[PDB]
Every structure is written in structure tokens, then in C-alpha cells.
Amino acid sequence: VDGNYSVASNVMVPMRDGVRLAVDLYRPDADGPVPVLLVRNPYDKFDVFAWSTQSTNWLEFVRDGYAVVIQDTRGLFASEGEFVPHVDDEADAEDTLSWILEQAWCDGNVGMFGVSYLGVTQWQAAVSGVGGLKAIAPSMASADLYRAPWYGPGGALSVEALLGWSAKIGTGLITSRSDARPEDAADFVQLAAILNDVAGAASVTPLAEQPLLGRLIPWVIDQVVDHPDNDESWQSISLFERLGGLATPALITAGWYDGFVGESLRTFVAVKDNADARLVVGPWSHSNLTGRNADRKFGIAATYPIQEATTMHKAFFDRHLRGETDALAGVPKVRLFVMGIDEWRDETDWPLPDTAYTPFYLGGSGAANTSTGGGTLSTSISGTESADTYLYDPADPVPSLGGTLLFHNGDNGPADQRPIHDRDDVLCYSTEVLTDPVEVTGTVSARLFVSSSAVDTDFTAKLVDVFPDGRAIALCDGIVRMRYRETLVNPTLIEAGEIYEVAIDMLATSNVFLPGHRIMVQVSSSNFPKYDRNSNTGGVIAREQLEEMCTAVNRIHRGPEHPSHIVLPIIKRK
């Protein structure tokens, strides 16, 4: 019967090592084999409502004749084995895909879909070389776990993401263990305390001493905290360099305020030349898909469009798993939610063709410290040789407000920055009030000429849309940890007092700065707990006590010989 299906729970699938993973099979009433979609989930395959609202109304797929397999990853819930993030997912996906392809009900065409960890696992599956995998659809995901979500392109630890997620999984690890333990109740209370106060959890020094999380999930220290360089342990689990050799269609979703945004977009660029890639980017953060934030509303159109997403996924799978050549007729290659105008818009590529990468130079009379300073932005090089100076004290870092926060207040991406504008270590540079709109859509970066009293420190840059009423709304930001200025792999310290030209990767955005607005840039040396705080010592940061850390006198140089600037991806549409 068309539209009818059955569900078989806890079908045990043997991996190459004999460890069995549990899957649930959603199989249509059909007369022969069918195309199959696989989802790999560390958050209980039974708990479909937890993630599905951030994805697709995928029961539509089943009603339309696809089978769907949802799997508990190794060591969690109904699966056997031991759980360690990332390290088993390439092999376990390969073995699972192989098992699916062998089944009576599989017609030889398999795809995947899902969000976050259910997205990362799709890249890990895609590098398997399993020919039967015809398409993937990774949403809010990464193919390089160092670059997102654990560290970043600037070489700072994404500490709130790490501690929040580890506490989240810690709840899952206890819930899914064999027998209940006397310490479980107290552990459950302590994990809740972390999730209620992620900045507090991240504030403990040495950062690497995590009695609870290190016990429940040793990986938090053994892999993440202990490996600050993008070293061999990270390279092992990275998929990114293998993406170029694939020819697997990928339907990629991202969010402008999502922790994974930079890495999600990079995956699109990596696969677009060799297969049918599609891109959808909305104004969402990882846990807020509503389009509504405390000081910024994007409109109901911005709410994660789950039925349109479902329709697009089905068309995509119809094309690539069912060989329906015209299934994607009228579907755009790229669909972006352009903020400011607050409208969806179709594009032919990402980056946009006809992106003008335009320097906006830091300038101004007098100090740029605070929002009431004299800092300017201009497409013209600054005429006078100046410098702005501030003290960065690790005991008092600049608090994270919006941006791509994941677990610490991660539901307010476009956050008003005014609460930090009176700080002396927040340097502000803005354009005059705009008389005509300026669209900035693409990857964003800064090139700063900097010096420090320290042998290591951080520099941050944050793009901001200043509204007529004074709201200073965050758009996108990045960090550079100075030891990693030239490489994430082989860091070196800097010489105190020497001027360096450094790049800050500020991920990406799409925003029209409307008439009456200003373009604003904030520069500092911290953004905590989005990123951990530099100790300004050159030491092993995560092993240092707060008292061991040093203050740094940091300086931004600006003028004709040191033309510090932000590079804006300008789009002009007449």
C-alpha cells in the first residue's frame, strides 16, 4: 500500500570487529527493493523529535517510498562497543552502508541526511569509497573537526562548545550505560551545573583539569584540550583534503550564526566542481532556528523552512538515488537568507560571482578605544600613521555576545554589542551613516598590523551592523592566536614589540547595511568563552593557572605604511 510503512526496532548490525550497532528500520510498503537513507545519531535513534525539527519532515520520504535507517553510534544507547567522538565513524559508516546495500529491501542506492553530528558523520561516510552511496545532505556540519567545532581557523580553543557538548554527551553516556550507579544522581546535577553556567565552567584554571568531564569522557582532555596544534591526531579524523577527490552530490545547509558556518561553506566550495552541490544558508544559530532573537527579528520567512527543506531534499534524492533527471528543475544552486533586507535570494554560486573583495581601512583622529572613540572605516587608506593601544588582562576578557556561540548563550547570534562598548580593550571603527545600501555577502577577513608586549597573545575582529536606534548588531567574527599566525600546525612565538601583519578569518555573512546604518568593526584580544583566553605567556595555555598568566599591552597600527583593514565581500546589485 502506497504511503504505508513499518518500523523495526533494534536491528543489530555487525561491524568489521564484531561489535554490533543498533538501527531502526523505517521501510515502505513496496513490492521490491527501495532507495535507502541513513542517519547516524549519538543522541538516541529512538528520540527522533530531538533533532528532526532542525532537519526535515523525513517521514514524507518514507511515505514516498524511501527506506530510512537510523543508527545509534558505537557505544551509545542500544549499540555495543565504547563511545569516543569521531574516531570510529568512518569505519562504522562504511560497514553500515555495506550492510544496507546487502539487504533484500535496498535497491543499491543509498543517501544520508541530518544535522550537526548527524552531518559530520555523512562526510565520514562519503570518504568510504562505497559506490552505493549516491548523495549526502550534511546540515550545520564540518569536514574538519579542528576547524569546527573544537578549535578554529585562528587556532583558539572553542571552549564553550567543548565543555557544553561534553556535558550534553555526559548526560547521554550515563543514561545509556549497563546498570545504574550510586554516583549517577550527583553526576547528573554537576552536568546540569555546567550547562547552566558554561562560562563559569570554562573559567576554571588550569582549564585542563576537568574532574567530572574527564572521568565521563576522557577524550575531552586526551584529545581536545591536550592537542592545541592542528597535529596528526586532528589530521587523522579530518575529511577535508579527501573531499576534492570525491564526486558525491551534497545538499549543504548552514546558518550565519552557526558554529559550523565557515566549515559548512568550505565543504560546498570543495565539492561543487566535481558533483551537484547545493547550498542553503539561513540566519540561524545551532540551537535557535526560529529567526527570532532578543534584539533582532528576521521575519517569519527566516524561521527554518522545514517543509521547503523536505521538498528540496526529496527532489535532490529523487535526482541522485532514483535517477529522475528533471527532479531538480527550478531548484537554485544556492539559496541565501540575505540579512538587512531580510529576504531569501537565489544565487548561482558560492562565493557569489562578481564579489568585489574590498578593503575598508582602519583610521581616525585620536584613540579608537570604546564606541565613543574616533575610529573610522573608509575605502581610502588612512593618511596619518597612528596606533591604538590597550591592556588585555586574561582575568577580565571581553565577554562573548552572540556570534557563533554553541552552548553558552547560543540562542542570540545577532546580539547587541552595546554592553561592551564602554570597554577600553574594545577598539571600534565605523563608517559614516550610510546614505545608500551596501551589501556584504561572502567570506570575511581582516588584515591587521599588530604588536604586543607579550611573546603570544590573541587578536579578534567582529563585523557589526549599527542600527538607527543604536543597536550594534553582531554579524561575523574571528580570532587569531599569534603563535598560529602563519600555521595551525607548527606554531612559533612572536618578538615583543615587533609589528606583524596578521590575517583574521572572520568566517562569512550576508547582510545589506541599509541607509541610516553604519558598518562597524570591533577589534580586541579576547572573546570568552566563545574562545579560550590567551595567557600571554607563550606557555601551554590550558595547563596554566590564572595567576601564572600575564597582562599584555597590545597595539593596532594604522596608516599609510601599516594599512590595517577589513576585507568586505561587496555585492552591487542594480
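In this text, residue numbers run from 1 along the sequence as written.
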| property | result |
| --- | --- |
| Stretch exceeding the other in mean C-alpha B-factor - 454-462, 381-389 | 381-389 |
| 141-149 or 318-326, whichever carries the higher mean Cα B-factor | 318-326 |
| Highest-ranked of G478, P399, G131, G402 once sorted by CA temperature factor in the record | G131 |
| Member of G111, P182, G114, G154 with the greatest C-alpha B factor (per the PDB record) | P182 |
| Chain third (lowest, middle, highest) by recorded CA B-factor, residue given as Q235 | highest |
| Lowest, middle or highest third - CA B-factor, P491 | highest |
| Third of chain Cα B-factors occupied by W344 | middle |
| Modelled-residue ranking by C-alpha temperature factor, third containing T441 | lowest |
| CA B-factor placement of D411, once the chain's modelled residues are sorted into thirds | lowest |
